[PDB]
Structure formats: C-alpha cells, structure tokens
Amino acid sequence: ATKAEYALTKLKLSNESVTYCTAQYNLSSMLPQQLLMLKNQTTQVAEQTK
Amino acid sequence: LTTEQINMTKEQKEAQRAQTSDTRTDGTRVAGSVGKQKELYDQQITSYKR
C-alpha cells in the first residue's frame with residue numbers, strides 16, 4: 001500500500017503542472033479581452049442615457 | 001445604432017412639434033408637406049367665401 005501511494009503522489013504532480021499552465025493562459029490571454037469588453041459596455045450605457 | 005436612433009428621435013420630435021406651433025424649435029418656419037396642407041386650407045377658406 002505504501003508502494004501505491006507513491007504513484008498517486010506522482011500523478012498528482014502531473015495534474016498540478018496542467019493547473020499551472022491553465023492559470024498562466026487565463027492570466028495572459030483571457031482577462032485583457034474581458035477588460036476590453038467592459039470598456040465597450042460603459043460607452044453603451046452612456047449612449048442609452050442620451 | 002443607439003447614436004443613430006438619437007439622431008432620428010429629434011426629427012420625430014420636430015415633426016410632431018409642427019402640429020401645435022408654426023415655428024420649428026430653433027426658430028425656422030415649417031416648410032415641407034405640412035406647409036402645403038396649411039396653404040390648401042387657406043385657399044379652401046377663400047374659395048368658400050368667393
């Protein structure tokens with residue numbers, strides 16, 4: 001059983017790396033586009049007031 | 001589209017303003033379509049009298 005837990009921890013390493021990669025992609029390429037969308041929405045609100 | 005509808009609403013407002021007052025907001029005479037109707041009405045009154 002102690003032999004098997006070792007392999008479990010190694011597979012957990014393998015999943016941790018992908019978690020890091022996904023977080024990095026989200027930070028680098030998804031957030032600024034959402035910021036651009038929000039910038040586009042505020043002006044639409046102003047036009048609706050007009 | 002919202003800016004374009006902003007531009008259209010002013011024309012609707014003036015076209016419906018023409019139903020109560022002769023002058024058109026900024027201070028010009030109504031001169032299209034409605035003016036001809038008013039001229040026809042005046043001519044009809046004079047023809048009645050004659």
# chains A, B, ... in the order shown; residues from 1 in each chain; ligands from 1

call {"tool": "closest_atom_pairs", "arguments": {"of": "chain A", "to": "chain B", "cutoff": "9 Å", "atoms": "only C-alpha atoms", "output": "Markdown table"}}
result
| residue | atom | partner | partner_atom | distance |
| --- | --- | --- | --- | --- |
| A:44 | CA | B:2 | CA | 7.9 |
| A:47 | CA | B:2 | CA | 6.2 |
| A:48 | CA | B:2 | CA | 6.9 |
| A:50 | CA | B:6 | CA | 7.1 |

call {"tool": "residues_around", "arguments": {"residues": "residue 38 (chain B)", "least_positions_apart": "6", "cutoff": "12 Å", "atoms": "only C-alpha atoms", "output": "list in words"}}
result
residues 18, 19, 22, 30, 31, 32, 44 and 45 of chain B

call {"tool": "write_last_selection", "arguments": {"atoms": "C-alpha atoms", "output": "compact mmCIF listing (two decimals), in the first residue's frame"}}
result
# COMPACT_ATOMS: atom_id res chain seq x y z
CA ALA B 18 -45.24 71.05 -36.14
CA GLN B 19 -48.77 70.11 -35.00
CA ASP B 22 -45.72 77.28 -36.52
CA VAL B 30 -42.26 74.67 -41.15
CA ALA B 31 -41.82 74.29 -44.89
CA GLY B 32 -42.41 70.72 -46.04
CA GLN B 44 -60.24 76.44 -49.40
CA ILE B 45 -61.47 79.10 -46.97

call {"tool": "select_by_dssp", "arguments": {"residues": "chain B", "states": "alpha helix (DSSP H)", "output": "ChimeraX atom specification"}}
result
/B:2-17,34-49

call {"tool": "atom_distance", "arguments": {"atom1": "CA of residue 18 (chain A)", "atom2": "CA of residue 1 (chain A)"}}
result
26.8 Å

call {"tool": "atom_distance", "arguments": {"atom1": "CA of residue 49 (chain A)", "atom2": "CA of residue 12 (chain B)"}}
result
18.3 Å

call {"tool": "atom_distance", "arguments": {"atom1": "CA of residue 42 (chain B)", "atom2": "CA of residue 10 (chain B)"}}
result
29.0 Å
